[PDB]
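Residue numbers (PDB author numbering), protein chains in the order written: chain C, 366 to 417; chain N, 6 to 131.
Beta carbons are placed, not taken as given, at the ideal position from N, Cα and C, and that holds for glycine.
Inspection log for the structure reproduced underneath, given as structure tokens.
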Amino acid sequence: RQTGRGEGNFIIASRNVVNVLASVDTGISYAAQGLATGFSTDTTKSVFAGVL
Amino acid sequence: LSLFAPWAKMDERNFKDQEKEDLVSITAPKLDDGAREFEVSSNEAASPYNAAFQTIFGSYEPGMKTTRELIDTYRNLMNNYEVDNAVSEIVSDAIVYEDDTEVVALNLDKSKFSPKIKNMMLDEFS
Numbered sequence: 366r367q368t369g370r371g372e373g374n375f376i377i378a379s380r381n382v383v384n385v386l387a388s389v390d391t392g393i394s395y396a397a398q399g400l401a402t403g404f405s406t407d408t409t410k411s412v413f414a415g416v417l
Numbered sequence: 006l007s008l009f010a011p012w013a014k015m016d017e018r019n020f021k022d023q024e025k026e027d028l029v030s031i032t033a034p035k036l037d038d039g040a041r042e043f044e045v046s047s048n049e050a051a052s053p054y055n056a057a058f059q060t061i062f063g064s065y066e067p068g069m070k071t072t073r074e075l076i077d078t079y080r081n082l083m084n085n086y087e088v089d090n091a092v093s094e095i096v097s098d099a100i101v102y103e104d105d106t107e108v109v110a111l112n113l114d115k116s117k118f119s120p121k122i123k124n125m126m127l128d129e130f131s
């Protein structure tokens, strides 16, 4: 709404936030959780965890 | 660099074919010779950022540094006496010329789609 250039497309966040994102099925489902899998959380390797 | 974008396109496609095939369950990297090692998860391809800086720097400060000493040594040997003749004779036998003869030439003695292609290869070779 504010930019008129398109909807946000990336998030920079804390380790905790990403761990949550990695551990939840971001797709549409009933509910879910498990071991962080979706994104990398290791800052020793990268900073880019993956895509929601 | 945009200067090499068309070549990058070719490398990307070649890389894709490697990704496409199940070239997996390999321990020691499938490399015979040439390039110096590095490993990283997918990075920003826009420019040679720090992962590349360290790779290159790592390939240059302890790397090219002594490679240069070796090449310069090889050249110093090449330019010395007697040893240079050995090189000359080797080079000469590998590369010779003669009056009204051929020079290196593509030998199209295998089955090919068509003689017209063979002719194109000969022209491309020339």
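In this structure, the CA atom of residue 86 of chain N is about 11 Å from the CA atom of residue 93 of chain N. In this chain, the alpha helix (DSSP H) harbouring residue 20 of chain N covers 10–25. With respect to residue 403 of chain C, residue 387 of chain C sits close: the two C-beta atoms are nearer than 8 Å. The beta-carbon separation of residue 96 of chain N and residue 102 of chain N, rounded to 12 Å, does not stay under the 8 Å limit for a contact. Taking 8 Å as the cut-off, the Cβ atoms of residue 389 of chain C and residue 397 of chain C count as close. Boundaries for residue 36 of chain N: no alpha helix (DSSP H) harbours it, and the DSSP string shows neither H nor E there. Residue 68 of chain N sits in a helix when the DSSP states are folded into three classes.
The Cβ atoms of residue 401 of chain C and residue 381 of chain C lie no closer than 8 Å to each other. Ranked by how close their Cα comes to the Cα of residue 414 of chain C, the residues N/121, N/49 and N/54 have N/49 in first place.
Following the DSSP letters along the chain, one finds residue 92 of chain N inside the alpha helix (DSSP H) bounded by residues 88–99. The C-beta distance from residue 43 of chain N to residue 71 of chain N rounds to 19 Å, too long to fall under 8 Å, and the pair is not in contact. Under the three-state reduction of DSSP output, residue 370 of chain C falls in the coil class, being neither helix nor strand. Interface flag for residue 64 of chain N against chain C is unset, since no Cβ pair is found closer than 8 Å. Residue state for residue 408 of chain C is assigned as coil, using DSSP reduced to three classes. For the C-beta of residue 405 of chain C, the chain N residues within less than 9 Å are, from N- to C-terminus, 46.
Per the coordinates, the alpha-carbon of residue 29 of chain N lies some 49 Å from the alpha-carbon of residue 90 of chain N. Close to residue 411 of chain C, with beta-carbon spacing below 7 Å, are these residues of chain N in chain order: 46.
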